[PDB]
Amino acid sequence: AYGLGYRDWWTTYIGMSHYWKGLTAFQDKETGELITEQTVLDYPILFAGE
Amino acid sequence: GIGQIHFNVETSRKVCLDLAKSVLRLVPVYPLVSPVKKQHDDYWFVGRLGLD
């Protein structure tokens with residue numbers, strides 16, 4: 001933009017879509033409960049010996 | 001050469017059954033619990049801004 005000769009002023013319209021923070025979650029239909037975190041359920045068992 | 005020092009396959013299966021029965025005896029019920037307790041149809045995918 002400087003190379004082509006535009007000088008001395010700039011006005012930018014910040015977008016609607018990107019400038020904010022946000023979250024995503026599951027909302028249960030029966031009750032307004034929000035689930036935002038995840039977990040791994042697993043049951044390792046160690047076999048050691050001869 | 002050396003002989004009769006390791007189990008057969010069938011005895012290995014029997015010992016594994018015994019171990020499974022013992023471990024079940026210690027822990028009769030499934031301990032772990034999951035935050036998501038319903039099928040995918042029940043939940044509603046929504047997006048929010050930052051909490052509060």
# chains A, B, ... in the order shown; residues from 1 in each chain; ligands from 1

call {"tool": "residues_around", "arguments": {"residues": "segment 35-40 of chain A", "least_positions_apart": "5", "cutoff": "7 Å", "atoms": "only C-alpha atoms", "output": "ChimeraX atom specification"}}
result
/A:24-27

call {"tool": "write_last_selection", "arguments": {"atoms": "C-alpha atoms", "output": "PDB file, in the first residue's frame"}}
result
ATOM      1  CA  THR A  24     -18.349 -24.125  22.336  1.00  0.00           C
ATOM      2  CA  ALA A  25     -20.359 -26.523  24.476  1.00  0.00           C
ATOM      3  CA  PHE A  26     -23.131 -29.105  24.607  1.00  0.00           C
ATOM      4  CA  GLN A  27     -26.424 -27.885  26.063  1.00  0.00           C
TER       5      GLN A  27
END

call {"tool": "select_by_dssp", "arguments": {"residues": "chain A", "states": "strand (DSSP E)", "output": "PyMOL selection string"}}
result
chain A and resi 23-28+34-35

call {"tool": "interface_residues", "arguments": {"of": "chain B", "to": "chain A", "cutoff": "7 Å", "atoms": "only C-alpha atoms", "output": "count of residues only"}}
result
10

call {"tool": "closest_atom_pairs", "arguments": {"of": "chain A", "to": "segment 6-25 of chain B", "cutoff": "12 Å", "atoms": "only C-alpha atoms", "output": "CSV"}}
result
residue,atom,partner,partner_atom,distance
A:45,CA,B:23,CA,10.3
A:47,CA,B:19,CA,11.2
A:50,CA,B:6,CA,10.6

call {"tool": "write_last_selection", "arguments": {"atoms": "C-alpha atoms", "output": "JSON list (two decimals), in the first residue's frame"}}
result
[["chain", "number", "residue", "atom", "x", "y", "z"],
["A", 45, "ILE", "CA", -3.66, -53.16, 34.14],
["A", 47, "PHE", "CA", 1.46, -57.41, 33.91],
["A", 50, "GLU", "CA", 8.79, -63.72, 34.50]]

call {"tool": "atom_distance", "arguments": {"atom1": "atom CA of residue 15 of chain A", "atom2": "atom CA of residue 52 of chain B"}}
result
22.3 Å

call {"tool": "atom_distance", "arguments": {"atom1": "atom CA of residue 44 of chain A", "atom2": "atom CA of residue 39 of chain B"}}
result
25.7 Å
